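K.L.:
What follows is a structure written as structure tokens; I'll ask about it next.
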Protein chains: 2
Amino acid sequence: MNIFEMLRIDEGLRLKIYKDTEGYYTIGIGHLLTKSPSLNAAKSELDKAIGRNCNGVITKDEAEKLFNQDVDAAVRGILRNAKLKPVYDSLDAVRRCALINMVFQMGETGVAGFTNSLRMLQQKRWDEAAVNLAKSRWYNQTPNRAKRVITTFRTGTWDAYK
Amino acid sequence: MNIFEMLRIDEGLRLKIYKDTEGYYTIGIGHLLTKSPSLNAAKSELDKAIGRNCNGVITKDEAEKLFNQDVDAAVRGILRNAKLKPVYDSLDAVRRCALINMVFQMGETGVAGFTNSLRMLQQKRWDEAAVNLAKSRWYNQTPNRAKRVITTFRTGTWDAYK
Ligand SMILES: [Cl-]
Ligand SMILES: [Cl-]
Ligand SMILES: [Cl-]
């Protein structure tokens with residue numbers, strides 16, 4: 001198990017533009033094309049992202065390439081952030097994937113707002129962090145995913161993703 | 001009227017820590033301290049932000065200084081974003097405040113997701129941008145503020161804030 005297999009479980013793989021649970025145009029493995037209620041905007045952003053005329057359809061390799069780019073952007077989002085970086089640095093390999101997962105989902109600034117839970121993680125207070133993250137709107141918006149991520153923070157294992 | 005007075009109206013001015021409409025600890029002029037449900041964490045972040053032991057209370061000059069920082073951070077976020085910069089550059093002085101207002105509220109990445117409305121704004125298609133922005137979650141969560149900002153995009157005047 002790894003960050004790539006982890007996010008594939010959470011995001012799923014689809015080679016055609018589709019609307020996620022929130023009604024946002026998405027493709028590949030959790031790649032948000034646009035928040036705009038516009039298929040043209042979705043397709044437009046897709047063509048730029050892939051570098052060809054896709055017509056809302058990409059290949060497996062293209063999806064995996066774009067996925068690798070999004071993961072890199074998530075890690076860079078963590079490492080450029082004063083609040084997320086020291087936490088990340090202190091975390092083990094498994095727990096780092098959980099943090100990366102969060103930033104992949106809601107972006108740098110979103111996760112950085114959980115200041116208290118971030119302190120707890122850095123101080124290796126896993127259960128406290130788990131309890132506090134469960135109070136968030138993030139948990140409320142995507143509870144199934146949050147449970148898997150939070151469990152990963154708590155156990156430091158891949159039990160939630162088998 | 002200006003960006004400072006504009007946000008003073010939308011965010012309000014408070015010299016003591018308080019929960020915003022979403023329950024998040026805030027102070028000054030819309031300055032988010034933390035998303036954590038912990039007053040101590042909020043006070044801790046505040047002391048860091050000001051550089052003294054505030055016990056959840058700041059001065060007006062401190063709020064203004066902090067507010068000016070937040071506005072600068074919002075403008076920097078715009079100018080360092082490939083989707084926001086060209087739009088911002090093309091806009092008049094008033095509609096620029098509307099864009100800054102949005103970024104000030106939901107951050108750079110959040111506003112950058114409105115790819116279609118951003119294209120319409122750059123093409124001066126104000127009505128079309130208003131229609132698409134009116135369909136956003138942002139409009140559903142904070143309708144009064146959003147309605148003012150949208151109206152400001154449609155007219156390019158301050159009449160919605162008088
Ligand atoms: Cl939009
Ligand atoms: Cl938290
Ligand atoms: Cl939104």
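Going by the structure tokens order, chains are called A, B, ..., each with residues numbered from 1, while ligands are numbered from 1 in the order shown.
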Write out as an mmCIF file with N, CA, C and O atoms, in the first residue's frame the residues lying within 12 Å of residue 13 (chain B), counting only C-alpha atoms and excluding same-chain residues fewer than 4 positions away.

P.N.:
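out35.cif was written with the following content:
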```cif
data_model
loop_
_atom_site.group_PDB
_atom_site.id
_atom_site.type_symbol
_atom_site.label_atom_id
_atom_site.label_comp_id
_atom_site.auth_asym_id
_atom_site.auth_seq_id
_atom_site.Cartn_x
_atom_site.Cartn_y
_atom_site.Cartn_z
ATOM 1 N N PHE B 4 -10.693 48.296 1.862
ATOM 2 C CA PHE B 4 -10.654 48.242 3.319
ATOM 3 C C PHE B 4 -12.040 48.491 3.906
ATOM 4 O O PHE B 4 -12.499 47.745 4.770
ATOM 5 N N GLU B 5 -12.706 49.538 3.429
ATOM 6 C CA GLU B 5 -14.063 49.842 3.868
ATOM 7 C C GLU B 5 -15.042 48.768 3.398
ATOM 8 O O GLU B 5 -16.008 48.454 4.091
ATOM 9 N N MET B 6 -14.785 48.210 2.219
ATOM 10 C CA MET B 6 -15.626 47.154 1.664
ATOM 11 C C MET B 6 -15.622 45.924 2.565
ATOM 12 O O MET B 6 -16.674 45.375 2.889
ATOM 13 N N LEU B 7 -14.430 45.495 2.966
ATOM 14 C CA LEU B 7 -14.284 44.303 3.791
ATOM 15 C C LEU B 7 -14.689 44.567 5.239
ATOM 16 O O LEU B 7 -15.162 43.663 5.927
ATOM 17 N N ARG B 8 -14.499 45.802 5.694
ATOM 18 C CA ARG B 8 -14.981 46.223 7.008
ATOM 19 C C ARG B 8 -16.480 45.965 7.119
ATOM 20 O O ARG B 8 -16.981 45.588 8.177
ATOM 21 N N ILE B 9 -17.188 46.157 6.011
ATOM 22 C CA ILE B 9 -18.631 45.948 5.972
ATOM 23 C C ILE B 9 -18.976 44.461 5.923
ATOM 24 O O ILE B 9 -19.881 44.006 6.622
ATOM 25 N N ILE B 17 -11.687 38.078 20.299
ATOM 26 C CA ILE B 17 -11.928 36.824 19.590
ATOM 27 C C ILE B 17 -13.408 36.464 19.626
ATOM 28 O O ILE B 17 -14.068 36.597 20.655
ATOM 29 N N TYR B 18 -13.913 36.009 18.485
ATOM 30 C CA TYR B 18 -15.310 35.626 18.353
ATOM 31 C C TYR B 18 -15.433 34.519 17.316
ATOM 32 O O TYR B 18 -14.529 34.319 16.505
ATOM 33 N N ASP B 20 -17.180 33.191 13.956
ATOM 34 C CA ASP B 20 -17.905 33.681 12.790
ATOM 35 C C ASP B 20 -19.154 32.830 12.572
ATOM 36 O O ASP B 20 -19.469 31.963 13.389
ATOM 37 N N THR B 26 -12.340 34.000 15.050
ATOM 38 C CA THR B 26 -11.917 35.096 14.188
ATOM 39 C C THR B 26 -11.675 36.340 15.041
ATOM 40 O O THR B 26 -12.170 36.434 16.165
ATOM 41 N N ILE B 27 -10.899 37.284 14.518
ATOM 42 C CA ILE B 27 -10.648 38.537 15.221
ATOM 43 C C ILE B 27 -10.335 39.641 14.218
ATOM 44 O O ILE B 27 -10.103 39.368 13.041
ATOM 45 N N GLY B 28 -10.343 40.885 14.685
ATOM 46 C CA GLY B 28 -10.023 42.020 13.842
ATOM 47 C C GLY B 28 -11.033 42.185 12.724
ATOM 48 O O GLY B 28 -12.236 42.275 12.972
ATOM 49 N N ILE B 29 -10.535 42.223 11.490
ATOM 50 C CA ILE B 29 -11.388 42.316 10.311
ATOM 51 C C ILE B 29 -11.272 41.032 9.498
ATOM 52 O O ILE B 29 -10.453 40.931 8.585
ATOM 53 N N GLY B 30 -12.091 40.048 9.856
ATOM 54 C CA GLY B 30 -12.167 38.799 9.122
ATOM 55 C C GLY B 30 -10.905 37.957 9.159
ATOM 56 O O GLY B 30 -10.715 37.096 8.301
ATOM 57 N N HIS B 31 -10.042 38.190 10.146
ATOM 58 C CA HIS B 31 -8.814 37.409 10.263
ATOM 59 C C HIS B 31 -9.063 36.072 10.944
ATOM 60 O O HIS B 31 -9.296 36.014 12.150
ATOM 61 N N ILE B 58 -7.128 42.550 20.997
ATOM 62 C CA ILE B 58 -6.152 43.375 20.290
ATOM 63 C C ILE B 58 -6.610 44.827 20.203
ATOM 64 O O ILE B 58 -7.770 45.141 20.466
ATOM 65 N N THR B 59 -5.685 45.705 19.831
ATOM 66 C CA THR B 59 -5.990 47.120 19.663
ATOM 67 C C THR B 59 -6.463 47.393 18.242
ATOM 68 O O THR B 59 -6.372 46.528 17.369
ATOM 69 N N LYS B 60 -6.964 48.601 18.012
ATOM 70 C CA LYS B 60 -7.451 48.978 16.694
ATOM 71 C C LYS B 60 -6.293 49.052 15.701
ATOM 72 O O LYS B 60 -6.399 48.552 14.583
ATOM 73 N N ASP B 61 -5.186 49.664 16.117
ATOM 74 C CA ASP B 61 -3.994 49.748 15.273
ATOM 75 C C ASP B 61 -3.469 48.358 14.934
ATOM 76 O O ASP B 61 -2.957 48.127 13.837
ATOM 77 N N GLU B 62 -3.588 47.436 15.883
ATOM 78 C CA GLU B 62 -3.153 46.064 15.669
ATOM 79 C C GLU B 62 -4.054 45.375 14.648
ATOM 80 O O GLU B 62 -3.574 44.657 13.771
ATOM 81 N N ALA B 63 -5.357 45.608 14.759
ATOM 82 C CA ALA B 63 -6.318 45.040 13.822
ATOM 83 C C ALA B 63 -6.104 45.591 12.413
ATOM 84 O O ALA B 63 -6.220 44.859 11.430
ATOM 85 N N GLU B 64 -5.788 46.880 12.323
ATOM 86 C CA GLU B 64 -5.548 47.524 11.035
ATOM 87 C C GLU B 64 -4.272 46.992 10.396
ATOM 88 O O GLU B 64 -4.235 46.714 9.198
ATOM 89 N N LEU B 66 -2.860 44.092 11.049
ATOM 90 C CA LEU B 66 -3.139 42.705 10.704
ATOM 91 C C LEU B 66 -4.004 42.628 9.450
ATOM 92 O O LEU B 66 -3.803 41.766 8.594
ATOM 93 N N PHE B 67 -4.964 43.539 9.351
ATOM 94 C CA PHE B 67 -5.867 43.583 8.208
ATOM 95 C C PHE B 67 -5.107 43.923 6.930
ATOM 96 O O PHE B 67 -5.308 43.289 5.894
#
```

K.L.:
When you look at residue 97 (chain B) with a cut-off of 8 Å (counting only C-alpha atoms), what residues show up, excluding the ones that are within fewer than 4 positions of it in the same chain? I need them as a tab-separated table (two decimals) with C-alpha atoms, in the first residue's frame.

P.N.:
```tsv
chain	number	residue	atom	x	y	z
B	2	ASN	CA	-12.43	51.10	-0.96
B	3	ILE	CA	-11.28	47.52	-0.36
B	6	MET	CA	-15.63	47.15	1.66
B	93	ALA	CA	-10.43	49.66	-9.62
B	101	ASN	CA	-12.82	40.39	-1.42
```

K.L.:
Would you list which chain B residues are within 8 Å of chain A using only C-alpha atoms, as a list in words?

P.N.:
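Using only C-alpha atoms, chain B residues at most 8 Å from chain A: residues 34, 35, 36, 37, 38, 41, 107, 109, 113, 114, 115, 116, 117, 132, 135 and 136 of chain B.
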
K.L.:
As a PyMOL selection string, please: every residue in region 29-95 of chain A that DSSP puts in alpha helix (DSSP H).

P.N.:
chain A and resi 39-50+60-79+84-90+93-95

K.L.:
Take the residues that were just selected and, keeping N, CA and C atoms, output them as a CSV table (one decimal), in the first residue's frame.

P.N.:
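What follows is the written file out07.csv:
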```csv
chain,number,residue,atom,x,y,z
A,39,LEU,N,-19.6,22.5,-18.8
A,39,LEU,CA,-18.8,21.4,-19.4
A,39,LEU,C,-17.7,21.9,-20.3
A,40,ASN,N,-18.0,23.0,-21.0
A,40,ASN,CA,-17.0,23.6,-21.8
A,40,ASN,C,-15.7,24.0,-21.0
A,41,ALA,N,-16.0,24.6,-19.9
A,41,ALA,CA,-14.9,25.0,-19.0
A,41,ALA,C,-14.1,23.7,-18.5
A,42,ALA,N,-14.9,22.7,-18.2
A,42,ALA,CA,-14.3,21.4,-17.8
A,42,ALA,C,-13.4,20.8,-18.9
A,43,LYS,N,-13.9,20.8,-20.1
A,43,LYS,CA,-13.2,20.3,-21.3
A,43,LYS,C,-12.0,21.2,-21.6
A,44,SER,N,-12.2,22.5,-21.5
A,44,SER,CA,-11.1,23.4,-21.8
A,44,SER,C,-9.9,23.2,-20.9
A,45,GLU,N,-10.2,23.1,-19.6
A,45,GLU,CA,-9.2,22.9,-18.6
A,45,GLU,C,-8.5,21.5,-18.7
A,46,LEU,N,-9.3,20.6,-19.2
A,46,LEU,CA,-8.7,19.2,-19.5
A,46,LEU,C,-7.7,19.3,-20.6
A,47,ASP,N,-8.0,19.9,-21.7
A,47,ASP,CA,-7.1,20.0,-22.8
A,47,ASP,C,-5.8,20.7,-22.4
A,48,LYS,N,-5.9,21.7,-21.6
A,48,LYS,CA,-4.7,22.4,-21.1
A,48,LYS,C,-3.8,21.5,-20.2
A,49,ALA,N,-4.5,20.8,-19.3
A,49,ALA,CA,-3.9,20.0,-18.4
A,49,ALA,C,-3.1,18.8,-19.0
A,50,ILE,N,-3.7,18.2,-20.1
A,50,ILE,CA,-3.1,17.1,-20.8
A,50,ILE,C,-2.2,17.5,-21.9
A,60,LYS,N,-5.4,5.8,-19.7
A,60,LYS,CA,-4.9,5.3,-18.4
A,60,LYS,C,-3.6,6.0,-18.0
A,61,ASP,N,-2.7,6.0,-19.0
A,61,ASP,CA,-1.4,6.6,-18.7
A,61,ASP,C,-1.4,8.1,-18.5
A,62,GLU,N,-2.3,8.7,-19.2
A,62,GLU,CA,-2.5,10.2,-19.1
A,62,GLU,C,-3.1,10.5,-17.7
A,63,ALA,N,-4.0,9.6,-17.2
A,63,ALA,CA,-4.6,9.8,-15.9
A,63,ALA,C,-3.6,9.6,-14.8
A,64,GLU,N,-2.7,8.6,-15.0
A,64,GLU,CA,-1.7,8.3,-14.0
A,64,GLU,C,-0.6,9.4,-14.0
A,65,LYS,N,-0.3,10.0,-15.1
A,65,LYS,CA,0.6,11.1,-15.2
A,65,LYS,C,0.1,12.3,-14.5
A,66,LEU,N,-1.2,12.7,-14.8
A,66,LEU,CA,-1.8,13.8,-14.1
A,66,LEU,C,-1.9,13.6,-12.6
A,67,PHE,N,-2.2,12.3,-12.3
A,67,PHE,CA,-2.3,12.0,-10.8
A,67,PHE,C,-0.9,12.2,-10.1
A,68,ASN,N,0.2,11.8,-10.7
A,68,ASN,CA,1.5,12.0,-10.2
A,68,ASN,C,1.8,13.5,-10.0
A,69,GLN,N,1.2,14.3,-10.9
A,69,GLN,CA,1.4,15.7,-10.9
A,69,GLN,C,0.6,16.3,-9.7
A,70,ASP,N,-0.6,15.8,-9.5
A,70,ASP,CA,-1.4,16.3,-8.4
A,70,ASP,C,-0.8,15.9,-7.0
A,71,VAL,N,-0.2,14.8,-6.9
A,71,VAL,CA,0.4,14.3,-5.7
A,71,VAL,C,1.6,15.2,-5.4
A,72,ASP,N,2.4,15.5,-6.4
A,72,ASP,CA,3.6,16.4,-6.3
A,72,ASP,C,3.1,17.8,-5.8
A,73,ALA,N,2.0,18.2,-6.3
A,73,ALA,CA,1.5,19.5,-6.0
A,73,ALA,C,1.1,19.5,-4.5
A,74,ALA,N,0.5,18.4,-4.1
A,74,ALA,CA,0.1,18.3,-2.7
A,74,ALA,C,1.3,18.3,-1.7
A,75,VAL,N,2.3,17.6,-2.1
A,75,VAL,CA,3.5,17.6,-1.2
A,75,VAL,C,4.2,18.9,-1.2
A,76,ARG,N,4.2,19.6,-2.3
A,76,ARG,CA,4.8,21.0,-2.4
A,76,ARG,C,3.9,22.0,-1.6
A,77,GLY,N,2.6,21.7,-1.5
A,77,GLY,CA,1.7,22.5,-0.8
A,77,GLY,C,2.0,22.4,0.7
A,78,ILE,N,2.4,21.2,1.1
A,78,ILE,CA,2.8,20.9,2.5
A,78,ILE,C,4.1,21.6,2.8
A,79,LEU,N,5.1,21.4,2.0
A,79,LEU,CA,6.5,21.8,2.3
A,79,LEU,C,6.6,23.3,2.2
A,84,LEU,N,2.1,23.2,8.0
A,84,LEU,CA,2.1,21.8,7.6
A,84,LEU,C,3.4,21.1,7.5
A,85,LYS,N,4.5,21.9,7.2
A,85,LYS,CA,5.8,21.3,7.0
A,85,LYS,C,6.4,20.7,8.2
A,86,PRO,N,6.4,21.4,9.4
A,86,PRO,CA,7.0,20.8,10.5
A,86,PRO,C,6.3,19.5,11.0
A,87,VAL,N,5.0,19.5,10.8
A,87,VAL,CA,4.2,18.3,11.1
A,87,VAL,C,4.6,17.2,10.2
A,88,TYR,N,4.6,17.4,8.9
A,88,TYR,CA,5.0,16.4,7.9
A,88,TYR,C,6.3,15.9,8.2
A,89,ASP,N,7.3,16.7,8.5
A,89,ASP,CA,8.7,16.3,8.8
A,89,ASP,C,8.7,15.3,9.9
A,90,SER,N,7.8,15.5,10.9
A,90,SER,CA,7.9,14.7,12.1
A,90,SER,C,7.2,13.4,12.0
A,93,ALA,N,6.3,7.5,7.6
A,93,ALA,CA,6.0,7.3,6.2
A,93,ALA,C,4.4,7.1,6.0
A,94,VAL,N,3.8,6.3,6.8
A,94,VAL,CA,2.4,6.0,6.6
A,94,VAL,C,1.6,7.2,7.0
A,95,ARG,N,1.8,7.9,8.1
A,95,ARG,CA,1.1,9.0,8.5
A,95,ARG,C,1.3,10.2,7.6
```

K.L.:
State, in Å with one decimal place, the distance from CA of residue 154 (chain A) to CA of residue 83 (chain A).

P.N.:
19.8 Å

K.L.:
Which residue out of B:139, B:96, B:120, B:105 has the minimum interatomic distance to ligand 3 when only C-alpha atoms and all ligand atoms are used?

P.N.:
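The closest residue to ligand 3 is B:139.
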
K.L.:
Taking only chain A into account, list the residues labelled strand (DSSP E) by DSSP (computed from the backbone), as a list in words.

P.N.:
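Here is the list: residues 14, 15, 16, 17, 18, 19, 25, 26, 27, 28, 31, 32, 33 and 34 of chain A.
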
K.L.:
The selected residues should be written to file as a PDB file, in the first residue's frame (atoms: N, CA, C and O atoms).

P.N.:
```
ATOM      1  N   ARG A  14     -11.472   7.273 -13.113  1.00  0.00           N
ATOM      2  CA  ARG A  14     -12.413   7.408 -14.215  1.00  0.00           C
ATOM      3  C   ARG A  14     -11.738   8.170 -15.351  1.00  0.00           C
ATOM      4  O   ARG A  14     -11.089   9.191 -15.127  1.00  0.00           O
ATOM      5  N   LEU A  15     -11.879   7.652 -16.567  1.00  0.00           N
ATOM      6  CA  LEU A  15     -11.163   8.186 -17.719  1.00  0.00           C
ATOM      7  C   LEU A  15     -11.988   9.217 -18.489  1.00  0.00           C
ATOM      8  O   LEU A  15     -11.498   9.827 -19.438  1.00  0.00           O
ATOM      9  N   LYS A  16     -13.235   9.409 -18.072  1.00  0.00           N
ATOM     10  CA  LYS A  16     -14.107  10.412 -18.671  1.00  0.00           C
ATOM     11  C   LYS A  16     -14.447  11.484 -17.650  1.00  0.00           C
ATOM     12  O   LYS A  16     -14.513  11.205 -16.454  1.00  0.00           O
ATOM     13  N   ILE A  17     -14.660  12.709 -18.122  1.00  0.00           N
ATOM     14  CA  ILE A  17     -15.109  13.784 -17.249  1.00  0.00           C
ATOM     15  C   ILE A  17     -16.409  13.364 -16.574  1.00  0.00           C
ATOM     16  O   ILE A  17     -17.319  12.848 -17.224  1.00  0.00           O
ATOM     17  N   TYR A  18     -16.479  13.576 -15.266  1.00  0.00           N
ATOM     18  CA  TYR A  18     -17.654  13.214 -14.489  1.00  0.00           C
ATOM     19  C   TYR A  18     -17.851  14.219 -13.366  1.00  0.00           C
ATOM     20  O   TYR A  18     -16.913  14.913 -12.974  1.00  0.00           O
ATOM     21  N   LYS A  19     -19.077  14.296 -12.862  1.00  0.00           N
ATOM     22  CA  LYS A  19     -19.386  15.132 -11.711  1.00  0.00           C
ATOM     23  C   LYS A  19     -19.223  14.325 -10.430  1.00  0.00           C
ATOM     24  O   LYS A  19     -19.785  13.236 -10.306  1.00  0.00           O
ATOM     25  N   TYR A  25     -16.986  19.011 -11.896  1.00  0.00           N
ATOM     26  CA  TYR A  25     -16.384  18.246 -12.982  1.00  0.00           C
ATOM     27  C   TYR A  25     -14.987  17.755 -12.607  1.00  0.00           C
ATOM     28  O   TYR A  25     -14.116  18.537 -12.223  1.00  0.00           O
ATOM     29  N   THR A  26     -14.800  16.445 -12.731  1.00  0.00           N
ATOM     30  CA  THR A  26     -13.587  15.770 -12.289  1.00  0.00           C
ATOM     31  C   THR A  26     -13.178  14.737 -13.333  1.00  0.00           C
ATOM     32  O   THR A  26     -14.009  14.285 -14.119  1.00  0.00           O
ATOM     33  N   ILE A  27     -11.900  14.373 -13.348  1.00  0.00           N
ATOM     34  CA  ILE A  27     -11.421  13.312 -14.228  1.00  0.00           C
ATOM     35  C   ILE A  27     -10.205  12.618 -13.619  1.00  0.00           C
ATOM     36  O   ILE A  27      -9.568  13.147 -12.706  1.00  0.00           O
ATOM     37  N   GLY A  28      -9.891  11.428 -14.122  1.00  0.00           N
ATOM     38  CA  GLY A  28      -8.739  10.682 -13.656  1.00  0.00           C
ATOM     39  C   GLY A  28      -8.901  10.233 -12.218  1.00  0.00           C
ATOM     40  O   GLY A  28      -9.940   9.686 -11.848  1.00  0.00           O
ATOM     41  N   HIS A  31      -8.875  14.500  -9.913  1.00  0.00           N
ATOM     42  CA  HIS A  31      -8.412  15.776 -10.451  1.00  0.00           C
ATOM     43  C   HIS A  31      -9.582  16.705 -10.745  1.00  0.00           C
ATOM     44  O   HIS A  31     -10.316  16.512 -11.715  1.00  0.00           O
ATOM     45  N   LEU A  32      -9.744  17.715  -9.899  1.00  0.00           N
ATOM     46  CA  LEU A  32     -10.766  18.731 -10.095  1.00  0.00           C
ATOM     47  C   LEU A  32     -10.426  19.587 -11.310  1.00  0.00           C
ATOM     48  O   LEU A  32      -9.394  20.258 -11.337  1.00  0.00           O
ATOM     49  N   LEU A  33     -11.295  19.560 -12.314  1.00  0.00           N
ATOM     50  CA  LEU A  33     -11.095  20.360 -13.514  1.00  0.00           C
ATOM     51  C   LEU A  33     -11.535  21.801 -13.290  1.00  0.00           C
ATOM     52  O   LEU A  33     -10.841  22.738 -13.685  1.00  0.00           O
ATOM     53  N   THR A  34     -12.689  21.968 -12.651  1.00  0.00           N
ATOM     54  CA  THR A  34     -13.260  23.289 -12.423  1.00  0.00           C
ATOM     55  C   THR A  34     -14.469  23.214 -11.497  1.00  0.00           C
ATOM     56  O   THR A  34     -15.182  22.212 -11.472  1.00  0.00           O
TER      57      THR A  34
END
```

K.L.:
So, counting only C-alpha atoms and all ligand atoms, which residue among B:160, B:129, B:102, B:54 is closest to ligand 3?

P.N.:
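Closest to ligand 3, using only C-alpha atoms and all ligand atoms: B:102.
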
K.L.:
Rounded to one decimal place, report the CA of residue 91 (chain B)-CA of residue 144 (chain B) distance in Å.

P.N.:
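Interatomic distance, CA of residue 91 (chain B) to CA of residue 144 (chain B): 22.8 Å.
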